[PDB]
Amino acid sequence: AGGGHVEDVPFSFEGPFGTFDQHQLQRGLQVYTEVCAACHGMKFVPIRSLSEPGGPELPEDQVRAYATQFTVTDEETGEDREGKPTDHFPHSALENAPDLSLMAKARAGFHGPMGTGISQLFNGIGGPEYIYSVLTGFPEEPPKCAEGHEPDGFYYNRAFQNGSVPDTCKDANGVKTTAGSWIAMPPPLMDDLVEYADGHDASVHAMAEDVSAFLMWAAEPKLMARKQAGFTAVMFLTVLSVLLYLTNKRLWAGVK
């Protein structure tokens, strides 16, 4: 396979001062719940984290209600039962749908240039952009080279780089001609497939951006804490550096 082009979405959380947008995360959670969840799970995400600070921050009662839709298996009882905030979201219902808990981190959207890593250095790893691009990258018409040879059960996607491609679409050397490839995931979205309470727009574009932010949070729930810890450490050290510099300066003065 290889690496490709991802639409560079400006997410609120990017940048050293970036932070999640609580409402977007909430919208994203609805998309995940109403659409994605039918096939993809988030096995490492404790439902109760929907309440913790720095995320969707839903009221414990709502979360408690929410957890109810999930029909979990008790670790003792063994018999089934409704879900509790202490439970994790379930495993993927669709055997080949990958778990989405860590996706925003298990994919890079910015590569190179020339395999130098300079692109990421300034753009980030690009996982949410990648996810956005995939949700956003299902075109109505397949590229020409494939017209009559589309694998059955697959769908062409502009961003997906690890899929199969028809023979009729590889060059003289076997390298694929298309920007993307064939993915086993049928186009998930469709304008207003989700009714947002606050009447926010549910264009495939909007939903994709929201669920992507949500998945970023599901993967790095401690993003904000991490960055706050960062500033802190940098401030201490910047101060301490200046003082050690002066101390160093004064101490050597008595020699050279």
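Residue positions are given as counts along the sequence shown, with the first one as 1.
For the segment pair 37 to 45 and 198 to 206, the entry gives 198 to 206 the higher mean B-factor, averaged over Cα atoms. Between the stretches 68 to 76 and 154 to 162, it is 68 to 76 that shows the larger average CA temperature factor. Highest CA B-factor among the listed residues (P85, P128, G148, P186): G148. Taking only the listed residues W182, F89, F110, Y132, the entry reports the highest CA temperature factor at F110. Split the chain's modelled residues into thirds by C-alpha temperature factor. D99 is in the lowest one. Among all modelled residues in this chain, the alpha-carbon of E220 has a temperature factor (C-alpha) in the lowest third. When the CA B factors of the chain's modelled residues are split into thirds, the value for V63 lands in the middle one. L237: CA B factor lies in the middle third for its chain, per the PDB record. For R81, the recorded CA B-factor ranks within the highest third of the chain. Only modelled residues enter the ranking.
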